[PDB]
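Contents: one structure, followed by commentary.
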Amino acid sequence: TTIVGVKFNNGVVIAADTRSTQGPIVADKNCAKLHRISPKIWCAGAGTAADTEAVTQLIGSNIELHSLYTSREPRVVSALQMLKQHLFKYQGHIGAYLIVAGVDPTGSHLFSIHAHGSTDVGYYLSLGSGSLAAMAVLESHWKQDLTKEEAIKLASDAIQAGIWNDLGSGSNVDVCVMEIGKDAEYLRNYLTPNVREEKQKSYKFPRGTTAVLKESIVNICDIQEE
Amino acid sequence: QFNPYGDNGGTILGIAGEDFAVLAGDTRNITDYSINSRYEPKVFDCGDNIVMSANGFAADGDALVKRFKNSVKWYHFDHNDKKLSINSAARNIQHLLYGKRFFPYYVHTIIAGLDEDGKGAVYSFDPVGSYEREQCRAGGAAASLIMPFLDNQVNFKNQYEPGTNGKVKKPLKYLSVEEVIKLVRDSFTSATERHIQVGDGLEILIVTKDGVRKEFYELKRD
Amino acid sequence: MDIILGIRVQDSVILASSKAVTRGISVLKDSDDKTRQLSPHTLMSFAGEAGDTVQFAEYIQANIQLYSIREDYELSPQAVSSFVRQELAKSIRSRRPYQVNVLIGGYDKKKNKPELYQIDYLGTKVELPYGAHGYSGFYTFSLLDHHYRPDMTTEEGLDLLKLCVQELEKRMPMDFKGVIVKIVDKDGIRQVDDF
Amino acid sequence: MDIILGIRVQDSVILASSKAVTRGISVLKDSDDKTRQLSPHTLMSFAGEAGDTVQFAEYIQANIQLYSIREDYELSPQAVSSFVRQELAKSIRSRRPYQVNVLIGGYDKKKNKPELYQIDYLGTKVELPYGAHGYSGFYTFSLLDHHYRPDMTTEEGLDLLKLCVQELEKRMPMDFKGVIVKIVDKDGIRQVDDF
Amino acid sequence: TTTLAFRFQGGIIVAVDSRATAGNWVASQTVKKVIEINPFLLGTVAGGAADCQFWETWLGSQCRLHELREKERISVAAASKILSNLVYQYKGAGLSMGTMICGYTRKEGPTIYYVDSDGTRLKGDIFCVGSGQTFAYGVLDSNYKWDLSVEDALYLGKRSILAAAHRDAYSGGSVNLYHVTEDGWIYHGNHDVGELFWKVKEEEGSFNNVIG
Amino acid sequence: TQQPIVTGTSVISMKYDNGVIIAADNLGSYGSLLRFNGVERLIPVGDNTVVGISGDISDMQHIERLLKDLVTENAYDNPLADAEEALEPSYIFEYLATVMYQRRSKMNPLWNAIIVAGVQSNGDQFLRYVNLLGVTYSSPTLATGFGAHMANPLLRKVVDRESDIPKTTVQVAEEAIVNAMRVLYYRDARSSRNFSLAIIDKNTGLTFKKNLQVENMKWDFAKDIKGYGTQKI
Amino acid sequence: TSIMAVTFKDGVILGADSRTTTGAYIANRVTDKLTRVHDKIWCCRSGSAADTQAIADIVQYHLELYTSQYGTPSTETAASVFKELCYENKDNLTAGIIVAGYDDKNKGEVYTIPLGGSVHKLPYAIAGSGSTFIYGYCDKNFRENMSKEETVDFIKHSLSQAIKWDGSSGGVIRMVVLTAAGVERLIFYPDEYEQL
Amino acid sequence: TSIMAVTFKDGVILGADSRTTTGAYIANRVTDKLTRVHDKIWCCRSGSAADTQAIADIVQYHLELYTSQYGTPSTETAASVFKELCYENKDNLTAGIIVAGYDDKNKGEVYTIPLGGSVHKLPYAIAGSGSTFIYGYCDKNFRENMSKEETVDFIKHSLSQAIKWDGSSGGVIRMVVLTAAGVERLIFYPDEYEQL
Amino acid sequence: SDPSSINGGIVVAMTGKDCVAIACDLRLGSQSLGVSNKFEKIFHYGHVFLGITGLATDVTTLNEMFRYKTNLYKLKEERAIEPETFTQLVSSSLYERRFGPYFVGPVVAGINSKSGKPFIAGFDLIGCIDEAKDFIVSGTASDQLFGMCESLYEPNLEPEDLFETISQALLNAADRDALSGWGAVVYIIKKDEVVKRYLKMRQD
Ligand SMILES: *[B]([O])([O])[C]([C][C]([C])[C])[N]C(=O)[C]([C]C1=[C][C]=[C][C]=[C]1)[N]C(=O)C1=[C]N=[C][C]=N1
Ligand SMILES: *[B]([O])([O])[C]([C][C]([C])[C])[N]C(=O)[C]([C]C1=[C][C]=[C][C]=[C]1)[N]C(=O)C1=[C]N=[C][C]=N1
Ligand SMILES: *[B]([O])([O])[C]([C][C]([C])[C])[N]C(=O)[C]([C]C1=[C][C]=[C][C]=[C]1)[N]C(=O)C1=[C]N=[C][C]=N1
Ligand SMILES: *[B]([O])([O])[C]([C][C]([C])[C])[N]C(=O)[C]([C]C1=[C][C]=[C][C]=[C]1)[N]C(=O)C1=[C]N=[C][C]=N1
Ligand SMILES: [Cl-]
Ligand SMILES: [Cl-]
Ligand SMILES: [Mg+2]
Ligand SMILES: [Mg+2]
Ligand SMILES: [Mg+2]
Ligand SMILES: [Mg+2]
């Protein structure tokens, strides 16, 4: 998995690849690794897929209730604190490695979270099996005072480095931009550099090729009147 | 503790035609989650119209191919430049493999060529030298993905003739070299999609009475 | 314990269960009945770890007998088997699981049909024409695959069962000291005293 | 293999050896003779790990037969047993020891006496009136302690041996498929075909 | 694997399955588990594929060298004992072999020897070897007689493999039949289980459990 | 079977239009201790080959002596030792590759990853890898250890396939190598700032650069980073 | 990790590297290991990042609640709360913490809390993997009642050597000065401290 | 064990503690870890006492036989013989040896040979368990071309700290001076070096 | 030992033009021993279909559990559950057993009654949702099924063509797996009719 986060002038951008793997097999070619915690707080997840999904949903749910309780828009530090304390309690057994980002009344923020519940702050971050390939790109090309266009480019380039060089990462690039004083834009399949080529042959079989023993109608409808 | 074995990934595929044979293999070489090379040739011309590939642990694979090529050379010296027949090559390879029965070449070997009647031949080996002539065989990492497709599309398994409903099987018509190469390319494209150790490039060696020809095709690099 | 067999024929279910009880190096008993009557038309044979087998069988028996009194009604074999399965499925994730495999042979008085259920200690239920637990099936299923026809009589079922027991007595290493055979039909449960 | 017995009476030695050969889950044979004639008046039965038993027995047989030809003379049972013991005592400290236990029943033509030796795979030799290897002794030694008398006839020895086999067939878990009985006396070695 | 061989009036029947597996993966359905040692000797293979091929192929070289030296074909007893003595040298090293050495000679008549990588060597009338041996034994023991016709004996062997091919997950593919007589072995064809099952079910009336 | 004691980290390398570049830092680590700061891990063989070695340093020194001895032995009864019958990169590699696989096969490996970089007689670029297992492979870019994970991605952006090699100049290639070395210093905990770099060109020959340092590093942004989340001061 | 706290005439100074490692990979090269549990009570963190963070967060909560009820806590009190957590949960924690603070009454104080959960009040303290390499240097060069400039140089030189030899330590040298004047953050980059 | 060898203007000086330990018991408190393989080629020994003794004994034999045939061996040659033994028998040895010698041509030289069997020529070298604590101190205080008196003080101060912190090191500080003048043995007792 | 491969079995699902197809083998075994050739692995709750591979006791337990939950859903909601909603319910249920999971590989298939959109989804044993456009695979021959589906499949297949594709995918995958086979069932699902077909396959 390759997930990255990049700060810029007026906000923060996160990105991720779309490969899910079970051993050497690709389970899902177009997996969604960018999760919405609240409207303007999004996080990218690596590690165990059910855990990143579940831990995001739970904190996101509680963040929503908290926002309604306090009559305030949720803060990234709140999501960060709730996530880290949850993960720490389970001592790394919940395999969620998260890059948490967002904008709130305090400003724009970028954090990372590890499964054991340790947090880190940065202008650029990367996690997952392709984090070394991504971090190599970030360390070579990152600078202070990046624009929105430059940050998206840098973020997607870092993901691509993971896609191409890391076997655990592949397929497409998902991006989410969170700018201050604006709606967060979720760019699903921002890049698609891995479309499969046309097959040489069509394997549509002639009807009646398969041997059948019995047929029957299945009753899916309810018990009927009269 | 020192582990003398490794896994360099990759996948190979041999198909025997009526008067030709093909031995295909991807060109990707890996360890764990890193790519070593996007183009590292895996299928080799060993002389006497025989092609060979020893997929699995590359160090053992290279050692075996090297030793077989050597065996072909000394077969010529010792037996008046006689051509090593594919069946004789297969038996020779069994003895090379079983020679290291208690410290095996960690590879799935496949050779391809023509038998003494001029028909297409593919021989397949396990790591310790058990072998068997076959019309069709995929080997290596994505062998589990490819073989079922070949049982279906080469040997017409589970396929019957419309109208009869399971009574009459689909006849086992022979496949041309153009038809086989299509199945090879689709096999590797499909394997590349669902197997992380397969990709980068596909190299096919085609063996006919005229000699050994090569064909290369790009594969997805992710 | 060792070998338990079951065979559902036309109008009855026949359960055969070994008589031997071996602990380590000695055969302590050669007349052990590895079965319990759950209801007048439902019989359960069992095999597994020592202690657990009887403890489970009697526990199930008590629960079914309790149901029978409460409702003044006999549960169907299907209903009983589902209850038994749930108990084992509950058991497998317990602190200490019941290490028991069972066959439930019953005659459904409503549908007028014999029924044979095979349930292992994990709670894996299957309805079958003939069944077995342990190493028994490895020998007997091939015989039953060949000879079993569904419209068989009870006498034909017993002959086929003898052929299974003969094969087990020939090829199995353990002396299981013969079997106790019981028939479950519309008239209830009875024991074949000569086998 | 499983059960091998020996009993020295007045004028003969009787060796009983099970007929079963079991590998894992199946009884592959029920007529296996677990013995070899070392010389006209010396018989050796054996039990232990598969392969080793026969390999050892035939190796000993060959060596004794070689001695017989060279010297035109039969070795005493005591001499043969000592040779066998040394081979096993040598074996136990080898790279791969022979995993074989043996009984050597012989009739000494010089002293006109039957002799029974029990030797285990470690090379532990003992002369006995009756012997056994494996779990057999746990059942049979108590019977033999009670009934044996040193002056028994061969027919009385066979009756006592039947009583041992009956007890084994009652209480041992493994079906050893009966025994092959052989008698060793002044006239040589013969097999009791009905037992 | 399921392999069997039994003596009867008309010589010996040998029947084997064709499946080879690596864990749950079906590696091959077309494996030759009978090895033609010479025109009068057959060897069945079970266990490790390479161990069985290499050493049974090797056994044929030793049998050929015997009849060159002795101007007389090797006995089934001697052939089987060459193999059993060889594997006994390798005992402990991890060879995995279960084999029947089947043949006919004038002095012996029809003979079967079970040879094992543990060093076990047994003469006998009936043997079944492999993961599906117990299934084969069931059919074989209930239907066996000395007075069987070559035709009926062949069917019994075929049917016994089918029984095991059905139940045993690691057996299947197809059935190879051989018939060994006074004048040598006779091959009786490859019988695909996918077609043989439905044929037997219909004609014999068996497998009423399965739906077809 | 052993365990490595004193170790050398990443060796990185790539092909360019007229030759090959190879680099490796001057550190000899002793576990987490950065013990030896003046270790040369690039060893030239003649004027046409450089062998870059990572892993166990004691085994590296053994390999160094084998190569030194190889040059001596090649010169024996060889009037063309400095001409047609001079040692080639392909000869030197195959020798090492033979040794590495022989040693792994005796269960007593040389605990190294080796990259042989050089230029052949006909001007062809040579770049091939071999390690303790005897595993060999070639590629337009090669790297060992952490280099494989961090250097290769950067170097592959310059030369992604074979057809990119003639398009890559020595300045662009060297720049990419030097950048990769900086990245490794940021992120490899067993690397050093000081390193050696070697260029083997088919025209200008062997250029061996010692005492290089990682420079133009970005650290200023560290001052703005405070706490691990909620902390403001 | 190379961390240290040093008392001097005007108060106390905390010092730390900025390297976080997963084995040999540097997960964070600009980490802030100097963390605030109260206005003028800080701590240096070594060992597990997750454990030391969770501990520090809990301590900050306790001292915030202490302040609301009983006014400003002493440095000794802060150290005791750290100890209570580290000692009672010693089986499940890997945390080496140095607590340092400035009172007006007690002036600069330093308490070190190693793995066991024991407490040790010292003039100065060193900890983390990299501290091993500077026991000799620090012992020889430390004096009591140093000036601010001398103490900064002492920490800078010390951590420079610890970084030089320890692979687990590196990046920038962060420092935090605690005096009556207030709280001052200092940073020193590789180009500065490596040439020392 | 705390051992070190330091080159200086007039030659080289070897230094060592005198503690041999079986766990926490001090089996010998007056051990001589500075041992002679040739007239002006000595070595410091660390690790296994048995292994380093057996190695040193074999080296002394080789250099004695070398001298009888080819005259006085170089310090580099002595180091190579040590290496050959340590490298080829790395699986069965636990020996950390510093080789130091004085030629008239090459002057003072120091070669260190850690566990692996690798060789490293250095201006000065430190080794043994106690060396870890003085990497910082030694790096900061070492200069090339020191005087005899300065080098003695450098070693004395260094090993004093190594002894202070390392439990495995202690007793007296032995030293051996190798110059054109000859071979001089020095000893320094606890009362002298502890107060430094 | 490995719970997911004691009993064996496979399920595969595919999408077509205005239709979905879900199929499964019929084998239930105890490792090498085949026990039952009638163990169906596809169930349905209203118009939503659920295939489950893995440990057979859990297959049965989860079926009974989702019947339980979908029946209560229907009484309260006064409508049948939809595939998208049911998928979430499966995920929720599986994840609540995070550290003591059901050893299963569920597969949801069906058509949304309101939108008419075809829907398939797969899960790991702890609830991760794989919502694929093309196809979902599960069971002991998942590798084989991936290879068959990835090669044979093409989008927008008509119900009677889709039947042939999914059937050939299952059959040829099962024949390369020792623990799968012994019969097979294929459900062809359209918006208001469902056809169930038992396939003739090799019985070994
Ligand atoms: B990535 O590789 O870190 C990726 C990110 C995830 C959030 C989609 N991880 C996975 O794909 C994990 C890898 C993994 C395998 C085995 C155990 C733990 C983690 N995959 C899954 O979680 C997974 C595997 N099969 C089905 C569903 N999910
Ligand atoms: B049979 O099941 O014993 C069979 C006979 C052999 C000649 C093919 N053996 C195998 O299939 C073995 C595995 C095995 C399964 C069950 C019991 C014993 C052994 N497989 C192999 O030897 C093998 C060889 N090459 C490739 C894959 N598998
Ligand atoms: B330091 O090296 O001790 C450092 C201090 C910590 C507070 C940042 N610790 C780490 O970097 C630890 C590893 C470690 C190294 C040395 C001793 C003990 C522990 N790292 C982590 O805990 C870590 C690493 N990657 C992600 C999250 N946490
Ligand atoms: B020193 O502490 O390394 C010392 C040097 C040796 C040459 C005298 N070693 C020992 O004292 C060793 C133990 C040891 C300590 C630290 C590192 C490695 C080894 N002691 C012995 O070998 C010993 C102890 N008692 C009797 C005999 N030998
Ligand atoms: Cl931290
Ligand atoms: Cl000493
Ligand atoms: Mg791929
Ligand atoms: Mg069951
Ligand atoms: Mg450092
Ligand atoms: Mg199958």
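Residue names in the structure tokens use chain letters A, B, ... in the order shown, residue numbers from 1 in each chain, and ligand numbers from 1 in the order shown.
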
Could you list, as a ChimeraX atom specification, all protein and nucleic acid residues with an atom at most 9 Å from ligand 1, counting only C-alpha atoms and all ligand atoms? /A:1-3,17-23,25-28,31-33,44-53,95-97,127-130,167-169 /I:122-130

If you keep C-alpha atoms, can you produce a file of those selected residues as a PDB file, in the first residue's frame?
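Result saved to again21.pdb:
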```pdb
ATOM      1  CA  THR A   1       0.000   0.000   0.000  1.00  0.00           C
ATOM      2  CA  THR A   2       1.175   3.504  -0.748  1.00  0.00           C
ATOM      3  CA  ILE A   3      -0.534   6.392   1.040  1.00  0.00           C
ATOM      4  CA  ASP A  17      -3.118   3.646  -4.447  1.00  0.00           C
ATOM      5  CA  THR A  18      -6.025   1.224  -4.982  1.00  0.00           C
ATOM      6  CA  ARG A  19      -4.527  -2.286  -4.611  1.00  0.00           C
ATOM      7  CA  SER A  20      -5.593  -4.786  -1.939  1.00  0.00           C
ATOM      8  CA  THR A  21      -3.624  -8.024  -1.605  1.00  0.00           C
ATOM      9  CA  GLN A  22      -4.031 -11.391   0.093  1.00  0.00           C
ATOM     10  CA  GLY A  23      -0.510 -12.818   0.037  1.00  0.00           C
ATOM     11  CA  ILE A  25      -2.850 -12.427  -4.948  1.00  0.00           C
ATOM     12  CA  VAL A  26      -4.604  -9.140  -5.751  1.00  0.00           C
ATOM     13  CA  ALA A  27      -7.943  -9.286  -3.906  1.00  0.00           C
ATOM     14  CA  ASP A  28      -9.231  -5.925  -5.191  1.00  0.00           C
ATOM     15  CA  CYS A  31      -9.880  -0.532  -3.551  1.00  0.00           C
ATOM     16  CA  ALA A  32     -10.908   2.709  -1.818  1.00  0.00           C
ATOM     17  CA  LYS A  33      -8.283   3.622   0.806  1.00  0.00           C
ATOM     18  CA  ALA A  44      -5.815   7.426   4.163  1.00  0.00           C
ATOM     19  CA  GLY A  45      -5.479   3.912   5.604  1.00  0.00           C
ATOM     20  CA  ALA A  46      -2.869   1.160   5.323  1.00  0.00           C
ATOM     21  CA  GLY A  47      -2.481  -2.291   6.907  1.00  0.00           C
ATOM     22  CA  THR A  48      -5.501  -4.479   7.688  1.00  0.00           C
ATOM     23  CA  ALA A  49      -8.387  -3.329   5.465  1.00  0.00           C
ATOM     24  CA  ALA A  50     -11.266  -4.123   7.830  1.00  0.00           C
ATOM     25  CA  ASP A  51      -9.448  -2.338  10.677  1.00  0.00           C
ATOM     26  CA  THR A  52      -8.807   0.922   8.797  1.00  0.00           C
ATOM     27  CA  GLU A  53     -12.437   0.911   7.643  1.00  0.00           C
ATOM     28  CA  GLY A  95      -3.815  -3.119  12.275  1.00  0.00           C
ATOM     29  CA  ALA A  96      -4.641   0.421  11.161  1.00  0.00           C
ATOM     30  CA  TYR A  97      -1.868   2.697   9.918  1.00  0.00           C
ATOM     31  CA  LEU A 127       2.832   5.036   5.017  1.00  0.00           C
ATOM     32  CA  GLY A 128       2.537   1.410   3.850  1.00  0.00           C
ATOM     33  CA  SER A 129       4.700  -1.092   1.949  1.00  0.00           C
ATOM     34  CA  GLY A 130       5.377   1.510  -0.775  1.00  0.00           C
ATOM     35  CA  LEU A 167       4.510  -5.013  -5.493  1.00  0.00           C
ATOM     36  CA  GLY A 168       2.134  -4.392  -2.570  1.00  0.00           C
ATOM     37  CA  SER A 169       0.835  -1.268  -4.343  1.00  0.00           C
TER      38      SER A 169
ATOM     39  CA  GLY I 122     -17.120 -10.200  -1.383  1.00  0.00           C
ATOM     40  CA  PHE I 123     -15.754 -10.195   2.165  1.00  0.00           C
ATOM     41  CA  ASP I 124     -12.770 -11.461   4.103  1.00  0.00           C
ATOM     42  CA  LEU I 125     -13.492 -13.335   7.354  1.00  0.00           C
ATOM     43  CA  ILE I 126     -13.510 -10.143   9.496  1.00  0.00           C
ATOM     44  CA  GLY I 127     -15.778  -7.953   7.318  1.00  0.00           C
ATOM     45  CA  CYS I 128     -13.709  -6.033   4.743  1.00  0.00           C
ATOM     46  CA  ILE I 129     -15.998  -5.277   1.783  1.00  0.00           C
ATOM     47  CA  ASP I 130     -14.760  -5.953  -1.753  1.00  0.00           C
TER      48      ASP I 130
END
```

Near-ligand residues for ligand 7, threshold 8 Å, only C-alpha atoms and all ligand atoms, as a list in words: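 Selection of residues at most 8 Å from ligand 7: residues 167 of chain A; 191, 192, 193, 194, 195, 196, 197, 198, 199, 200, 220, 221 and 222 of chain B.
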
Spatial neighbours of residue 68 of chain B, 9 Å, only C-alpha atoms, chain gap at least 3 places, as a list in words: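 Using only C-alpha atoms, the neighbours found are residues 46, 63, 64, 65, 71, 72, 73, 89, 92, 93 and 96 of chain B.
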
Of the candidates B:132, B:7, B:45, B:32, which shows the shortest atom-to-atom distance to ligand 2, using only C-alpha atoms and all ligand atoms? B:132

Residue 1 of chain C surroundings by only C-alpha atoms, 9 Å radius, close-in-sequence under 4 positions cut, as a PDB file with N, CA and C atoms, in the first residue's frame:
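Contents of the output file result.pdb:
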```pdb
ATOM      1  N   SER C  18     -19.999 -49.637  18.070  1.00  0.00           N
ATOM      2  CA  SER C  18     -19.095 -50.630  18.672  1.00  0.00           C
ATOM      3  C   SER C  18     -19.342 -50.816  20.162  1.00  0.00           C
ATOM      4  N   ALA C  20     -16.783 -52.006  22.321  1.00  0.00           N
ATOM      5  CA  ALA C  20     -15.525 -51.924  23.062  1.00  0.00           C
ATOM      6  C   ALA C  20     -15.350 -50.579  23.753  1.00  0.00           C
ATOM      7  N   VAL C  21     -14.759 -50.621  24.942  1.00  0.00           N
ATOM      8  CA  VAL C  21     -14.291 -49.433  25.646  1.00  0.00           C
ATOM      9  C   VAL C  21     -12.856 -49.714  26.068  1.00  0.00           C
ATOM     10  N   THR C  22     -11.916 -49.008  25.451  1.00  0.00           N
ATOM     11  CA  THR C  22     -10.498 -49.230  25.687  1.00  0.00           C
ATOM     12  C   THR C  22      -9.893 -48.020  26.368  1.00  0.00           C
ATOM     13  N   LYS C  34     -23.279 -47.263  23.070  1.00  0.00           N
ATOM     14  CA  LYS C  34     -22.911 -45.879  22.778  1.00  0.00           C
ATOM     15  C   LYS C  34     -24.074 -45.142  22.121  1.00  0.00           C
ATOM     16  N   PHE C  46     -23.124 -41.831  19.602  1.00  0.00           N
ATOM     17  CA  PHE C  46     -22.051 -40.871  19.850  1.00  0.00           C
ATOM     18  C   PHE C  46     -20.675 -41.504  20.007  1.00  0.00           C
ATOM     19  N   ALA C  47     -19.652 -40.730  19.657  1.00  0.00           N
ATOM     20  CA  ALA C  47     -18.260 -41.140  19.814  1.00  0.00           C
ATOM     21  C   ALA C  47     -17.366 -39.909  19.907  1.00  0.00           C
ATOM     22  N   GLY C  48     -16.352 -39.989  20.761  1.00  0.00           N
ATOM     23  CA  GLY C  48     -15.406 -38.895  20.952  1.00  0.00           C
ATOM     24  C   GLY C  48     -14.527 -39.111  22.169  1.00  0.00           C
ATOM     25  N   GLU C  49     -14.148 -38.020  22.834  1.00  0.00           N
ATOM     26  CA  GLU C  49     -13.293 -38.104  24.017  1.00  0.00           C
ATOM     27  C   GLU C  49     -14.058 -38.688  25.204  1.00  0.00           C
ATOM     28  N   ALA C  50     -13.344 -39.434  26.040  1.00  0.00           N
ATOM     29  CA  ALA C  50     -13.918 -40.051  27.235  1.00  0.00           C
ATOM     30  C   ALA C  50     -14.571 -39.022  28.149  1.00  0.00           C
ATOM     31  N   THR C  53     -18.487 -37.622  25.879  1.00  0.00           N
ATOM     32  CA  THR C  53     -19.482 -38.312  25.057  1.00  0.00           C
ATOM     33  C   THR C  53     -20.788 -38.543  25.806  1.00  0.00           C
TER      34      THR C  53
END
```

Within 6 Å of ligand 4 (counting only C-alpha atoms and all ligand atoms), which residues show up? I'd like them as a ChimeraX atom specification. /H:1,20-22,27,33,45-49,128-129,168-169

Residues from the last selection, N, CA, C and O atoms, saved as a short mmCIF file (atom, residue, chain, number, x, y, z; two decimals), in the first residue's frame:
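selection31.cif, written as the output of this step:
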```
data_model
loop_
_atom_site.label_atom_id
_atom_site.label_comp_id
_atom_site.auth_asym_id
_atom_site.auth_seq_id
_atom_site.Cartn_x
_atom_site.Cartn_y
_atom_site.Cartn_z
N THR H 1 35.71 -5.39 29.77
CA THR H 1 37.12 -5.15 29.34
C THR H 1 37.17 -3.77 28.69
O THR H 1 36.29 -3.41 27.91
N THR H 20 39.04 -9.73 34.89
CA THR H 20 38.47 -10.91 34.24
C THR H 20 37.27 -11.35 35.05
O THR H 20 37.37 -11.52 36.26
N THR H 21 36.13 -11.55 34.38
CA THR H 21 34.87 -11.84 35.07
C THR H 21 34.19 -13.12 34.59
O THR H 21 34.14 -13.40 33.40
N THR H 22 33.67 -13.88 35.55
CA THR H 22 32.73 -14.96 35.29
C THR H 22 31.36 -14.46 35.76
O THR H 22 31.01 -14.59 36.93
N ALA H 27 36.94 -13.05 38.55
CA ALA H 27 37.83 -14.21 38.64
C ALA H 27 39.30 -13.80 38.80
O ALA H 27 40.07 -14.50 39.45
N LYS H 33 46.23 -8.06 30.14
CA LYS H 33 45.59 -8.18 28.83
C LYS H 33 46.49 -7.67 27.70
O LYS H 33 46.18 -7.87 26.53
N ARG H 45 43.92 -7.72 24.35
CA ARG H 45 42.98 -8.83 24.23
C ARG H 45 41.64 -8.52 24.90
O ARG H 45 41.60 -8.01 26.02
N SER H 46 40.55 -8.81 24.18
CA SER H 46 39.20 -8.69 24.72
C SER H 46 38.33 -9.86 24.23
O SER H 46 38.61 -10.46 23.19
N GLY H 47 37.28 -10.16 24.99
CA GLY H 47 36.41 -11.29 24.69
C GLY H 47 36.79 -12.49 25.55
O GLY H 47 37.06 -12.34 26.74
N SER H 48 36.80 -13.67 24.94
CA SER H 48 37.17 -14.90 25.64
C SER H 48 38.66 -14.92 25.99
O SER H 48 39.51 -14.65 25.14
N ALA H 49 38.96 -15.23 27.25
CA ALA H 49 40.35 -15.33 27.70
C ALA H 49 41.04 -16.52 27.05
O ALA H 49 42.17 -16.41 26.58
N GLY H 128 36.47 -3.68 23.63
CA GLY H 128 36.00 -4.28 24.87
C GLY H 128 34.69 -3.65 25.29
O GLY H 128 34.31 -2.59 24.79
N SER H 129 34.00 -4.30 26.22
CA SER H 129 32.68 -3.84 26.67
C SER H 129 32.70 -2.38 27.14
O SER H 129 31.78 -1.61 26.83
N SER H 168 32.25 -4.80 33.88
CA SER H 168 33.17 -5.82 33.38
C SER H 168 34.63 -5.35 33.39
O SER H 168 35.54 -6.17 33.24
N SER H 169 34.84 -4.04 33.54
CA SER H 169 36.18 -3.46 33.57
C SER H 169 36.53 -2.91 34.95
O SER H 169 35.67 -2.41 35.67
#
```

For residue 82 of chain C, please output as a PyMOL selection string all residues within 10 Å (counting only C-alpha atoms; exclusion window: fewer than 6 positions along the same chain). chain C and resi 76+88+117+119+123+125

Contacts to ligand 5 at 10 Å cut-off (only C-alpha atoms and all ligand atoms) as a list in words: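 Protein and nucleic-acid residues within 10 Å of ligand 5: residues 118, 119, 120 and 121 of chain A; 227, 228 and 229 of chain F; 18, 19, 20, 28, 30, 31, 32, 33, 34, 35, 45, 46, 47, 48, 49, 50, 51, 52 and 53 of chain G.
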